[PDB]
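Engineer: I'd like to ask some things about the structure below.
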Amino acid sequence: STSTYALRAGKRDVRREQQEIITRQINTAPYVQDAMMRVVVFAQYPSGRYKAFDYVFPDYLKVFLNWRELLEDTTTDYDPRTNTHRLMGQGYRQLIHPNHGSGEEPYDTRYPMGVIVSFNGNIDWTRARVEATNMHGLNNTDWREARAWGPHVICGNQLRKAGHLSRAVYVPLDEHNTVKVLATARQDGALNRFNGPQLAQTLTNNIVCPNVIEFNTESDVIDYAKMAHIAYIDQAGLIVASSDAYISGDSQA
Amino acid sequence: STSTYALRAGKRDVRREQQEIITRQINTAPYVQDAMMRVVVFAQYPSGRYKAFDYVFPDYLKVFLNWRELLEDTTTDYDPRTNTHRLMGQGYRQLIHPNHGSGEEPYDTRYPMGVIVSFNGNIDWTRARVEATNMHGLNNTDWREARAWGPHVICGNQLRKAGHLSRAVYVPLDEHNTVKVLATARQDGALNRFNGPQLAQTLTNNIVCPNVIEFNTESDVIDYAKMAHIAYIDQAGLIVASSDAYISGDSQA
Amino acid sequence: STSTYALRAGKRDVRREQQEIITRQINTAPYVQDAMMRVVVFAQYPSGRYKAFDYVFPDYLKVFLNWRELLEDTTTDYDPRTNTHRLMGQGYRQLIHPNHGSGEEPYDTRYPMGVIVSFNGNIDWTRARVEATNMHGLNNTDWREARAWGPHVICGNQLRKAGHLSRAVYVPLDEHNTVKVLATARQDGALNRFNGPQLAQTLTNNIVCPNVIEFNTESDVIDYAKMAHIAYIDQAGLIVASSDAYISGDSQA
């Protein structure tokens, strides 16, 4: 880093020390249990556009995105292009029930090339997980040997550190994949907030608030990430946004 | 109240006392834990029409309604008016990602002026809550200082008492708001049904059953409320429906 | 059954005994807690087509399907046929708010005649339940006397045994019905995985993965069932698919 001489007032510089306190509040308020956490799944489309599934939640997040939800210009598990009563054009059916569909092309170009998953806040980094599952949301072809997570679940340092508050990972997808994501609040020290008398609040306060937002180009995705103070990895593989606050920003450039 | 002379049969008037018992059953059966509770969010539209998000649930309710779900004539987070691939007409995008959208008008007239939230049953009135959050479902502009609820969450006597079984509140909205609602079953005396061996049932039995119903005019909303036995506040600010049962109805008019 | 003479190698027939072990793994891996379970609701339409709500989940499943979700060619609670701003054509409204709608026919032929519900895996068979509820998801006309389940909830041996791993039931529906389904993991012996320190995982790992798949004819439904290794009852009332694995298939035909 590049730093050099600086001056400040003496004991009377409470304005500066107050701003230092504020910087620390922004950086540690997320660790007060039942503070919000934020997880965003950014689908990267062939078209150069992107779509964010943006979740804010205070305790835990259980996400499954199926094939149609992942498509460009959908906002739910509903595809306006594809009237399911028509005999032709059933690409989704052809993928989830092999050789019983009728898509007009091998690769529906609305299906994403991959997702950037951004985890932010007081997350339990040891159990934060992503999986590219098959069409059914399974991590084994045979459900009878599938489990909550697969033997090679995406986790640990596959989630790139982006600051004390954030990690992000890029997950390539092929056309038969779906996406699962898990994040929970960090263990509350030696107390388990999912245990005993603490559970009711942890469970019932957990209103997950999802939004699906589209972006016409990555510049706009990156702007969204800096607006929302969340980690993001751009097309160049660089970490261009973070949840960590610095009192003078990137002043040691 | 207006009451006057009445007669009844003597010890043989079991029909009357049976009906008195039935009145009490309707009024107290909701307090038997794992009985249904009922919460309804009525969106009031500029058009004079309304839309109800009607939830019945036996243990707890965690609701977040985002911008598109709140729009007149939507039934999910999907807006048929707005094809998200078009460059023009992205009003939702303009609100949730400031100055990256293209709505055709400053105020999409399908967005509601406010909601009437109706809580009914054995609800924990001390932790029944509503918030008009921002587009992301946050109660602070900066998620890093946002929490499960805001410092000024709508609660307590902002929820108007409408009988022993019900409360209702009117919540004005501006166009960038979304709505969150929490209701849980009242503490089970000194036992916590969210604790220990009671939790499995409390958790897994809690199938929340949502319906989205539209009403062309308030007369029809009020009818729906009386059909469903739930509190409702009409345009005049009057409580015109309740969950409380009376053996002769409003006979002391 | 028809069986007759067979031979095998002696102590060196490890290939056979390995395949016997594999058969047993497929049959008992589902009993390792947090293994996947699979529940499918197959709607049978007047048109001879079917639609599957296919859920895989590791711990519990809480399903409510409302009227519009049940309709042929819907994939969410959204009906493209019916623009809710139009005065005519509101069949759903006419059912859920009696005599306030305007459907074009008494019976919307997209509404199913019944559902086949298929339960598979380490399910608690004593508390696996289905209900055909009314439009609101209630099992009593008056919610104040409704409960999490009705006095005549569909359960026990109404769920037909289809093997050690599976049961299935046919549930007739009339046009004002909706469908509720509950399945949970079997009690973990004398330990309760929904209790104490076990709960956090049981709760947060439970990502339910739903897909809605259509089938143009029952032959294709039956194929889907055999692909997915789940119980299914065909139009003839026969059990034509199962989760149970046999080392030589149905070799005692």
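Chain labels A, B, ... are given in the sequence in which chains occur in the structure tokens; within each chain residues are numbered consecutively from 1, and ligands are likewise numbered from 1 in the order shown.
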Once you count only C-alpha atoms, which residues of chain A turn out to be within 7 Å of chain B? Could you give them as a PyMOL selection string?
Structural biologist: chain A and resi 26+29-30+34-36+58+73+75-76+196-197+199-200+204-205+207+209+211+213+224
Engineer: Return as a PyMOL selection string the full set of residues in region 55-177 of chain B whose backbone-based DSSP assignment is helix (DSSP H, G or I).
Structural biologist: chain B and resi 67-70+91-96+143-145+156-158
Engineer: So which residues touch residue 159 (chain A) within 12 Å, counting only C-alpha atoms, skipping near sequence neighbours fewer than 6 positions away, as a PyMOL selection string?
Structural biologist: chain A and resi 116-120+125-130+153+166-171+231-233
Engineer: Just to confirm, what's the straight-line distance from CA of residue 225 (chain A) to CA of residue 42 (chain A) in Å (one decimal)?
Structural biologist: 10.2 Å
Engineer: Can you pull out every residue from region 13-163 of chain B that DSSP, working from the backbone, puts in strand (DSSP E), and format the result as a PyMOL selection string?
Structural biologist: chain B and resi 37-44+50-57+60-65+114-120+129-133+160-161
Engineer: Using CA of residue 45 (chain C) and CA of residue 69 (chain C) as the two end points, give the distance in Å to one decimal.
Structural biologist: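 Between CA of residue 45 (chain C) and CA of residue 69 (chain C) the gap is 13.1 Å.
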Engineer: Please identify all polymer residues within 12 Å of region 14-20 of chain B, counting only C-alpha atoms, omitting same-chain residues fewer than 4 positions from it, and present them as an MDAnalysis selection string.
Structural biologist: chainID B and resid 7:10 24:27 245:248
Engineer: Skipping near chain neighbours, those fewer than 5 positions away, what residues fall within 9 Å of residue 108 (chain B) using only C-alpha atoms, listed as a ChimeraX atom specification?
Structural biologist: /B:71,91,103,175
Engineer: Separation of CA of residue 53 (chain C) and CA of residue 41 (chain C), in Å?
Structural biologist: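 These atoms are spaced 5.0 Å apart.
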Engineer: Residues within 7 Å of residue 165 (chain B), please, as a list in words. Count only C-alpha atoms; anything in the same chain fewer than 2 positions from it doesn't count.
Structural biologist: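 Neighbouring residues, sequence-local ones excluded: residues 120, 121, 122, 163, 243 and 244 of chain B.
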Engineer: I'd like the neighbourhood of residue 50 (chain C) as a ChimeraX atom specification, where a residue qualifies if any of its atoms comes within 8 Å (using only C-alpha atoms), though same-chain residues fewer than 6 positions away should be ignored.
Structural biologist: /C:42-44,72,214-218,221
Engineer: With N, CA, C and O atoms retained, write the just-selected residues as a CSV table (one decimal), in the first residue's frame.
Structural biologist:
```csv
chain,number,residue,atom,x,y,z
C,42,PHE,N,-48.8,-36.0,-8.2
C,42,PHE,CA,-49.2,-36.0,-9.6
C,42,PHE,C,-50.6,-35.6,-9.8
C,42,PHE,O,-51.5,-36.3,-9.4
C,43,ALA,N,-50.9,-34.5,-10.4
C,43,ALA,CA,-52.2,-34.1,-10.7
C,43,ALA,C,-52.7,-34.8,-12.0
C,43,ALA,O,-51.9,-34.8,-13.0
C,44,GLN,N,-53.9,-35.4,-12.0
C,44,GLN,CA,-54.4,-36.1,-13.1
C,44,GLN,C,-55.5,-35.2,-13.8
C,44,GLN,O,-56.5,-34.9,-13.1
C,72,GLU,N,-53.9,-27.2,-15.0
C,72,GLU,CA,-53.0,-27.7,-16.1
C,72,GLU,C,-52.3,-26.5,-16.8
C,72,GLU,O,-52.9,-25.4,-16.9
C,214,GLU,N,-44.7,-31.4,-16.7
C,214,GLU,CA,-45.9,-31.9,-17.3
C,214,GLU,C,-45.6,-33.1,-18.1
C,214,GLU,O,-44.5,-33.4,-18.6
C,215,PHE,N,-46.7,-33.9,-18.3
C,215,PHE,CA,-46.7,-35.2,-19.0
C,215,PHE,C,-47.9,-35.2,-19.9
C,215,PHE,O,-49.0,-35.0,-19.5
C,216,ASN,N,-47.7,-35.5,-21.2
C,216,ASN,CA,-48.8,-35.5,-22.2
C,216,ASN,C,-49.7,-36.7,-22.1
C,216,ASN,O,-50.8,-36.7,-22.5
C,217,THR,N,-49.2,-37.8,-21.4
C,217,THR,CA,-50.0,-39.0,-21.3
C,217,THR,C,-49.4,-39.9,-20.2
C,217,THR,O,-48.3,-39.7,-19.8
C,218,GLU,N,-50.2,-40.8,-19.6
C,218,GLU,CA,-49.8,-41.5,-18.4
C,218,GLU,C,-48.6,-42.4,-18.7
C,218,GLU,O,-47.8,-42.6,-17.7
C,221,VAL,N,-45.8,-40.5,-17.5
C,221,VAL,CA,-45.8,-40.3,-16.1
C,221,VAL,C,-45.1,-41.5,-15.5
C,221,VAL,O,-44.3,-41.4,-14.5
```
